[PDB]
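J.: An experimental structure, sequence included, is below.
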Amino acid sequence: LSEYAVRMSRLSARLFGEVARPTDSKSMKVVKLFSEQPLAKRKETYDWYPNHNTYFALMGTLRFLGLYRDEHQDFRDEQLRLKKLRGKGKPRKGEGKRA
Amino acid sequence: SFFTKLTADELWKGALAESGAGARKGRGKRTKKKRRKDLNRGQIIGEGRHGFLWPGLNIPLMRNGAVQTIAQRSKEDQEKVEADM
Amino acid sequence: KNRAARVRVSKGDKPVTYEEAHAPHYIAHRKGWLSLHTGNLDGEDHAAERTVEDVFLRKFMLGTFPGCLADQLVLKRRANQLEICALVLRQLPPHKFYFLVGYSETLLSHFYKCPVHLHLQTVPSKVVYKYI
Amino acid sequence: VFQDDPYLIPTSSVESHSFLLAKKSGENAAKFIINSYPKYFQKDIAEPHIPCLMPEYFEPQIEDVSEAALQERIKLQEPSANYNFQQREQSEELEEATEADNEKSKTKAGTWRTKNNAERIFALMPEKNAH
Amino acid sequence: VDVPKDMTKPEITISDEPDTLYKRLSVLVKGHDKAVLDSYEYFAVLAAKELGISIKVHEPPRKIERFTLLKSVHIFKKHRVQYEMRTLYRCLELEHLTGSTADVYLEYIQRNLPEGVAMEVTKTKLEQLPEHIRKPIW
Amino acid sequence: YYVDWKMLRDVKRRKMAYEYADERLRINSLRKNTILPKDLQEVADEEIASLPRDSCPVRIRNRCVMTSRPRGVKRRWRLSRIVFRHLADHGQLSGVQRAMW
Amino acid sequence: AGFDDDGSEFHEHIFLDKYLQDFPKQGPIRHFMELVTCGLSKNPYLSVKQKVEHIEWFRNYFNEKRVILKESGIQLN
Amino acid sequence: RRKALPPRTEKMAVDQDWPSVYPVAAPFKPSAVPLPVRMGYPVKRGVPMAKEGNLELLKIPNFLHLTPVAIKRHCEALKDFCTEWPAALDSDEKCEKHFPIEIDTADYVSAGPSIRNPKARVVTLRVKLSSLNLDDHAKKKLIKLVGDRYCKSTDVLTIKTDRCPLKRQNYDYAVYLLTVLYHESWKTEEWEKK
RNA sequence: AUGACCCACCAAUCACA
RNA sequence: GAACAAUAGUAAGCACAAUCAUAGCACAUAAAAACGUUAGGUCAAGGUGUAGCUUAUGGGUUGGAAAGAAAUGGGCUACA
Ligand SMILES: [Mg+2]
Ligand SMILES: [Mg+2]
Ligand SMILES: [Mg+2]
Ligand SMILES: [Mg+2]
Ligand SMILES: [Mg+2]
Ligand SMILES: [Mg+2]
Ligand SMILES: [Mg+2]
Ligand SMILES: [Mg+2]
Ligand SMILES: [Mg+2]
Ligand SMILES: [Mg+2]
Ligand SMILES: [Mg+2]
Ligand SMILES: [Mg+2]
Ligand SMILES: [Mg+2]
Ligand SMILES: [Mg+2]
Ligand SMILES: [Mg+2]
Ligand SMILES: [Mg+2]
């Protein structure tokens, strides 16, 4: 190691746009922090889920508009219909416990 | 919750429980009976309870030699339709 | 026993498509893929998105064409455009068929923000590979 | 334009007409759904961002302000006249450009209402002839 | 019998600018199944021999990614299912090309890319020297 | 509807953590540095701990996209192994196949 | 295709010295902010605008607390 | 009312040009294709399934638009857009003697809604040091300044540029880095005597 | 060497006017 | 419900077999393995029948979930 080598390195670092003045291994973490995309900002993170409300609501509307046909919801429907016919329904809110 | 749904065949196969182990050894009684009903039986393409009329599906494409516009039935008309179904 | 994606042997009367007649160990050997896209290749991205798209497409197409859908969908993705190829029973008058062709193509083009092509191949009844 | 299979292929001229007309009526249905409920189609994916696949807004962007709602509802015919009537009730002056656009809308959309709209065009504003 | 008359109207302009030179152009097609990459290599080589682009083709070693999942919904850990993804490669190496020929060939080729394959283009382009470096010294 | 309430809570977490990402990054720049004085980093510590609890990235869970399953997920498809296998075994995942060697 | 990044050129990305103009020149804040600046220098995912808004947040936060800086044992501007 | 029309294969002339039928990339409708083709696994007595209703032929990418006749025609229509390659450059020696600098740039195509590939930024700069005007001192000072980016056996210097959003910004920054390396290799300073 | 008791086959469809 | 110097058995189908994979054969390995058996395992992957809750068996926030008397399984490191 020489002073010539240290000057050469300070020059290469100042030139290529890397960190100029000597730093701790611990402080370089801030360089790393702003050199990257923070985790919570990545499309693999905030965009992870598809929007389930858009799909559900849209296909629900399209079903009511008679375009899309949902057999699963049809099943649920007829089952519930027969269930309220049988005499066991869903209690109107507030009625069930005390009565 | 849309992706959480299934085919009608799968749902009936599930609810009927014909393929179970109770059916084979006669581990359950014959007086207990439940059946499968088609839920697509009385439905027509384009029909919904919102009441829309689509040129290619619900209603004929051309009325009086012209092209029918997308339209919606009256409230009471839909009441009578649902009564019929 | 392996139950995965299997059509169990019936009394011998059961009509079966070429598709359903082959278990998971026969993919890439006898039967091919029902979807084609780049995202599952070695160096490539957004497999997840293409998958969710795929699922919604199957569900949607099944609900939009009730009862006339013959075989499982074929989804080809080429340079931002998706061609949906479908085998369809002859049920509806061609009026309804075209109505839904246009309606679907438009709707999914506007939903997924890319050009959507829809190719219908009509068949008299379910093509039978086995039993029956 | 038509589907390639032997079942959906048009046999006669009337069939060609009914088929294509049906396809268009379907596209119309789809677009109707898009514009009735835009928020469902809002989320964007495509990188080049095609502006053509976005839902359309046929509502006025401002309500009580005259100088916006006039032109806004004119671009959209009767809502334009309700707008011009809401601007004329507030004693807001309609310039040479305003009812030249409302005029171009009286010619593009629309015999008594023509005479009345013409009277409002000439009497209120001294419109330059060229419009 | 029925021939449309005067069917051709191409539009090409020549700018005075010195069109970019490409020393070498590598086109790497990744695929799943081999046969598609074979017919695509045939198609690409033919399309290059028709434009006189003088290309070589070789096959980069295939990559198979394997991974393991549980076979059972709930609990048997002794039992697994193993899945593969096979990526196969074709490398079309074209030499001594110009910018226009490069954009035409790459357009034609990229339009006809099959749905299940992907493509990576490495262009090494020729530039003489930058201005401030030519023979000044500071 | 997101398939579960859990899935809902995680969607909210990803929205909040996306919103405060800048604040957290900027403050933890001060906090992760030796060069600055300790008197600054103590106040910066109280600043980043002041931030809403649900905005920090370590509270986010990768869940199955369709089925909401909290683990046994293949990150590349964002899918539970079960759902994944279901899709793959029907030939619906391009390039995926059973492994024989 | 479709994205030019505001017609910006690399010097508006690489060299941020221009926004370090108002800051104490010989202090530890120069160490800190030269590290911050180098990090933003290496950053592909941000525009010029956003990097500038980072620098300015730090300007405003450091200029927010003069008290703790003076008391710290180093007089800072 | 049920309508069944005989396939296109009936009206198809024997010598009819094929690229007319399949101009673009197509799904393979079996009605529009004249050739009997049996694909699918056979059954013990039976044969492979016919082309009608066959889903497996639908799954296959078909090169039917690319039939060699169509490639001849297409490429003969593309002969107009292509510009010639300079004669004297035929050998790599003259390529190096004339153009010293190679700029490597990567372009990626993948199917889907978005075009954006993060790998497309990177621009590589390979420059031979024998094609540069450098002094002995300037060359040794350059070698020591760049370090790892220089190959001592092949004398090829490499500048890999990443840090900026666009490949043009990275191209400019690579060229600029080269320029400043050359300008700052010729400068002798105080500590160089140390 | 020992190992409560109890376990099993006695009902018929779909589709159309 | 078989006797091959043959005495009542023909049988499509599914398994086994064969092919396919592990980049040439071969071997090996992988994969495959019907119908059924153990009311085997899983309503907490998800979906569901039946029966239950609905100002609560539902939805949030904050903080807590300790521990080793003992017994034992599978491992890691050893006793050189
Ligand atoms: Mg649940
Ligand atoms: Mg975690
Ligand atoms: Mg005893
Ligand atoms: Mg006993
Ligand atoms: Mg017998
Ligand atoms: Mg037999
Ligand atoms: Mg073999
Ligand atoms: Mg063997
Ligand atoms: Mg095995
Ligand atoms: Mg076997
Ligand atoms: Mg049990
Ligand atoms: Mg249990
Ligand atoms: Mg449950
Ligand atoms: Mg808690
Ligand atoms: Mg122990
Ligand atoms: Mg163990």
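T.: Structure's in. What do you need? Numbering: from 1, shown residues only, chains lettered A, B, ... in the order given. Ligands and ions are numbered 1, 2, ... in the order given.
J.: all helices for chain D, in order.
T.: D:13-36, D:66-75, D:78-88, D:98-108, D:112-123 (DSSP state H).
J.: If you could redo that for chain H, that was the one I meant.
T.: Secondary structure of chain H (DSSP H): helices at H:55-59, H:68-77, H:92-98, H:136-146, H:167-185.
J.: and if you look at chain G?
T.: In chain G, the segments counted as helices under DSSP H are G:11-14, G:28-41, G:48-62, G:67-71.
J.: ok, and which of those has the densest surroundings?
T.: helix G:28-41 (a mean of 21; mean count of other C-beta atoms under 10 Å in any protein chain shown). In short, each C-beta sits where N, CA and C put it, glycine included.
J.: Indicate which one of the helices of chain G is closest to residue E:104.
T.: Smallest distance to residue E:104 across the helices of chain G (C-beta to C-beta): 33.6 Å, for helix G:11-14.
J.: Mind giving me the packing neighbours of the closest one?
T.: Contacts defined by 3 or more C-beta pairs under 8 Å, 6 or more residues apart in numbering or on different chains; DSSP states H and E place helix G:11-14 against helix G:48-62.
J.: Go ahead and produce CSV holding the CA coordinates of the helix it packs on.
T.: Extracted in CSV, the C-alpha atoms of helix G:48-62 (Å, rounded to 0.1, in the frame of the first residue of the first chain):
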residue,chain,number,x,y,z
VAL,G,48,-34.7,13.6,-11.6
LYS,G,49,-37.7,15.2,-9.8
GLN,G,50,-37.9,12.5,-7.1
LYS,G,51,-34.1,12.5,-6.3
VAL,G,52,-34.4,16.3,-6.0
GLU,G,53,-37.4,16.0,-3.6
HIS,G,54,-35.2,13.6,-1.5
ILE,G,55,-32.4,16.2,-1.4
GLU,G,56,-34.9,18.9,-0.5
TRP,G,57,-36.6,16.8,2.2
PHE,G,58,-33.1,16.6,3.8
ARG,G,59,-32.5,20.3,3.3
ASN,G,60,-35.8,21.0,5.1
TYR,G,61,-35.3,18.5,7.9
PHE,G,62,-31.8,19.6,8.7
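J.: Report whether it contacts chain H.
T.: No: figure legend: helix G:48-62 not in contact with chain H (C-beta under 8 Å from any C-beta of the partner chain); closest approach 9.6 Å.
J.: dump the residue contacts of the most centrally placed residue in chain C.
T.: When C-alpha atoms, centre = their mean is applied to chain C, the residue found nearest the centroid is residue C:73 (0.6 Å). Residue C:73 makes contacts with C:34, C:57, C:58, C:61, C:84, C:85, C:86, as judged by C-beta atoms under 8 Å, 6 or more residues apart in numbering or on different chains.
J.: rewinding a little: okay, the helices of chain G in JSON lines with distance to residue D:14 next?
T.: Listed next are those as JSON lines, based on distance: least, C-beta to C-beta, whole Å:
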{"stretch": "helix G:11-14", "distance to residue D:14": "65"}
{"stretch": "helix G:28-41", "distance to residue D:14": "69"}
{"stretch": "helix G:48-62", "distance to residue D:14": "61"}
{"stretch": "helix G:67-71", "distance to residue D:14": "86"}
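J.: Of all those helices, which one is nearest residue B:72?
T.: Between residue B:72 and the helices of chain G, the shortest gap by C-beta to C-beta is with helix G:48-62, which sits at 48.3 Å.
J.: could you say which helix or strand contains residue 10?
T.: I went with chain A, as the question did not name one. Per DSSP states H and E: residue A:10 is located in helix A:3-16.
J.: Can you look at chain F instead?
T.: Here residue F:10 is assigned to helix F:5-19, by DSSP H and E.
J.: For the helix or strand following that helix, list every residue counted as buried.
T.: Sequence-wise, the next helix or strand downstream of helix F:5-19 (DSSP H and E) is helix F:21-31. Within helix F:21-31, the residues that qualify as buried are F:21, F:22, F:24, F:25, F:26, F:27, F:28, F:29, F:30, F:31, counting by 16 or more other C-beta atoms under 10 Å in any protein chain shown.
J.: How many residues are close by the spatially closest residue to the last one that is not a sequence neighbour?
T.: Spatial nearest neighbour of residue F:31, excluding adjacent residues (C-beta to C-beta, 6 or more residues apart in numbering or on different chains): residue F:44 at 5.1 Å. When counting by other C-beta atoms under 10 Å in any protein chain shown, one arrives at 20 neighbours for residue F:44.
J.: orientation of the strand or helix carrying residue F:44 relative to helix G:28-41 in degrees?
T.: Residue F:44 is located in helix F:38-50, with elements delineated by DSSP H and E. Helix F:38-50 runs at 50 degrees relative to helix G:28-41, counting by axes from the mean of the first three to the mean of the last three C-alpha atoms, to 10 degrees.
J.: Are helix F:38-50 and RNA strand J in contact anywhere?
T.: No: taking C-beta under 7 Å from any atom of the strand as the criterion, helix F:38-50 and RNA strand J are apart, separated by no less than 10.4 Å.
J.: Give the other helices and strands that that helix contacts.
T.: The contact analysis (3+ C-beta pairs under 8 Å, 6+ apart) places helix F:38-50 against helix F:21-31, helix G:67-71.
J.: Burial check on the residue of chain F at minimum distance from chain B, number of neighbours?
T.: Per C-beta to the nearest C-beta, residue F:1 is where chain F lies closest to chain B, at 3.6 Å. Number of residues near residue F:1 (other C-beta under 10 Å) recorded here: 15.
J.: residues contacting the nearest residue to it once chain neighbours are set aside?
T.: Nearest non-adjacent residue to residue F:1, counting by C-beta to C-beta, 6+ apart: residue B:1, 3.6 Å away. By C-beta under 8 Å, 6+ apart, residue B:1 lies in contact with A:52, A:56, F:1, F:2, F:3.
J.: Save those residues as a markdown table, and put in secondary structure too.
T.: Shown next, in a markdown table, are those (DSSP: H, G, I helix; E, B strand; the rest coil):
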| residue | secondary structure |
| --- | --- |
| A:52 | helix |
| A:56 | helix |
| F:1 | coil |
| F:2 | coil |
| F:3 | coil |
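J.: Would you write out the PyMOL command that picks the buried residues out of those?
T.: In PyMOL, this line selects whichever of the contacts of residue B:1 come out buried by 16+ other C-beta under 10 Å:
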select buried, (chain A and resi 52+56) or (chain F and resi 2+3)
